[PDB]
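Presented below is the structure to which this report refers.
Computation of the quantities below employed the complete heavy-atom set of this structure, encompassing side-chain atoms and omitting hydrogens, waters and symmetry-equivalent molecules. Labels below follow one simple rule: chain letters A, B, ... track the order of the sequence lines, proteins then strands, and each chain is numbered from 1.
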Amino acid sequence: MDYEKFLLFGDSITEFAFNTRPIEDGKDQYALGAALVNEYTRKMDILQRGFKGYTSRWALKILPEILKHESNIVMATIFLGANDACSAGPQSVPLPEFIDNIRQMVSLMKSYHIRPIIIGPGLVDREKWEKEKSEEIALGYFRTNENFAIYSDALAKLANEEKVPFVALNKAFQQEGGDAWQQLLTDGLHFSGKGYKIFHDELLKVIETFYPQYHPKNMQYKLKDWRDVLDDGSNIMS
Amino acid sequence: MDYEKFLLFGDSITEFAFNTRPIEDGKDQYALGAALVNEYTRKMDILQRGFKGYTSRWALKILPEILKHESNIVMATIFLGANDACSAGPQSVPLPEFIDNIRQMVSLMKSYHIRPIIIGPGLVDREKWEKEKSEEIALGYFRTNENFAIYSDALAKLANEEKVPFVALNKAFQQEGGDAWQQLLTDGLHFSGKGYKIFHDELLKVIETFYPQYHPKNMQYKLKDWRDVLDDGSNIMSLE
């Protein structure tokens, strides 16, 4: 009964990934983490390591601690940049350091034989975000789609160089055209259920392409189907 | 970065606990597992070990194999009975063995210093269930609220003897669901989002009462809040 682990590593978008009630409307929404645990049930444990407001610099400090303690991680997402790409302020991390920080994470994961997946920033509803975060905007701490695209492009390049999959959420979020993308966000930065569903489906696509043995449809469903269990339970594990 | 683990051990109702889309309407529902991971984020890992169709006898075989591996489990639910209480057939486990099996699980958990929580069966919408499971019903394999109640009562007794909390879902489903209780189930046995929400709230209540240090409100949220992190990150792990 040792399960392989799938690590989700990142910021608030990873920390918030299991909440079906992101708004106080009572109503339930799709949650990436919930879907992952469900589809990987009796297949792989989902290990959530998301830290709201964190950057690639701070995340780099914590990653070795995670990898030292946890056993049998076989695959992991890295999703940072929604904070790093802020134009100024304490969460800003310049592009060369950002890329090097992510590269170090990929290298460290590879050193544990962990299969990395890089996730790029999604879109920002700037009109909405800047209303709610007016105090930050007054200080000049902008989150723009232009800068998020710069960071996404650099992550695509890094992913290619390190030969790992990249999930381009900024493009995926644009899939229906028009103004449809605005529904993929709750507060203009964090993801709604609809946003998490696109994230999930694109994530699973790169898993099938790069790491098919760890796609839910190819993994062994652990232990006997109940209909096949002997009365005494002697065959459950073999 | 050592996280403690909260183990969820049981049958299909544990296996299915993270699915927000249990039915083909495409409409998301509350999921017990999702709420647990969310509220315990940066506090405790949720370790899911549910096995569809399993009984207390078969689960007793699995349990020592789980506990010998997994490090740092501090608390665990045990939720079996929805299959064991079947009136006949391959899933039926008689009450004396059922109680002894659950007792053995509790005593093994305690030897690992794991805090057990016993969950009782919820309601069965027999009218609906038997329409789907006609072939099983024809073999005489009934799941009845009367028999579920006998198993629930026996679990309450065992829980009291072993000084562990008991969650009486059958009663909680009646009190919260009222005349609408059937909507707490999907196929008449498995739980809907509404059923899982009752399960959740009752579970957290007994955790606060019996095991307060492991209720989310009392647990340390790990690592500095981002607003309190120094530029270089030197204080991220300071309070750990």
- What is the distance from atom CG of A/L36 to atom CZ of B/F18, rounded to the nearest 0.5 Å? 11.0 Å

- Query: Roughly how far, to the nearest 0.5 Å, is CZ of B/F16 from OG1 of A/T41?
  - Reply: 9.0 Å

- If you measure from the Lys or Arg side-chain nitrogens to the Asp or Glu carboxylate oxygens, is any gap between A/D231 and B/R57 under 4.0 Å? yes

- Top residue by heavy-atom pair count (under 4.5 Å) with chain B, among A/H69, A/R49, A/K61, A/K68? A/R49

- Would you confirm whether A/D28, through its side chain, and B/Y30, through its main-chain N or O, come within 3.5 Å as a donor-acceptor pair? yes

- Within 6.0 Å of CD in A/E176, more than 12 heavy atoms from elsewhere: no

- Relative to chain B, which segment of A/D232 carries a heavy atom at a distance below 4.5 Å: side chain, backbone, both, or neither? backbone

- Query: Do other residues, nucleotides or ligands put more than 12 heavy atoms under 6.0 Å from B/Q104 CD?
  - Reply: yes

- Query: Is chain A contacted by the side chain of B/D45, its backbone, both, or neither, given a heavy-atom distance below 4.5 Å?
  - Reply: side chain

- Query: So which part of A/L230 gets closer than 4.5 Å to some heavy atom of chain B, the side chain, the backbone, both or neither?
  - Reply: backbone

- Message: Heavy-atom count check: over 12 atoms from other residues, nucleotides or ligands less than 6.0 Å from B/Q220 CD?
- Response: yes

- Stepwise side-chain contact (heavy atoms from CB on, under 4.5 Å) test for A/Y54 and B/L223: CA-CA 11 Å; A/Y54 275 51; B/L223 304 196; 3.7 Å; yes

- For atom NZ of B/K194, is the number of surrounding heavy atoms from other residues, nucleotides or ligands below 6.0 Å larger than 12? no

- Item | For chain B, the option from A/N83, A/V37, A/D11 that forms the most heavy-atom pairs under 4.5 Å | A/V37

- Go through A/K27, A/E70, A/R227, A/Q48 and name the one with the most non-hydrogen pairs under 4.5 angstrom from chain B. A/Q48

- Please flag which part of A/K224 lies under 4.5 Å from any non-hydrogen atom of chain B: side chain, backbone, both or neither. both

- Note on the structure: Per-residue tally against chain B (heavy atom, under 4.5 Å) across A/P90, A/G233, A/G33, A/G50 peaks at A/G233

- Contact class of B/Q29 relative to chain A, heavy atoms under 4.5 angstrom: backbone

- Item | Atom group of A/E39 that falls short of 4.5 Å from chain B, counting heavy atoms | neither

- Message: If you count every heavy atom of other residues, nucleotides or ligands that lies below 6.0 Å from A/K110 atom NZ, does the total exceed 12?
- Response: yes

- Query: Heavy-atom distance under 4.5 Å to chain B: side chain of A/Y221, backbone, both or neither?
  - Reply: side chain

- Note on the structure: Rounding to 0.5 Å, atoms CD1 (A/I62) and CD1 (B/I236) come to a distance of 6.0 Å

- Query: When rounded to the nearest 0.5 angstrom, what is the spacing between CZ in B/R42 and CZ in A/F51?
  - Reply: 6.0 Å

- Task: State the CG-CD1 distance between B/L60 and A/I236, to the nearest 0.5 angstrom.
- Result: 9.5 Å

- Flag side-chain contact, heavy atom, 4.5 Å: B/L47 against A/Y3: no

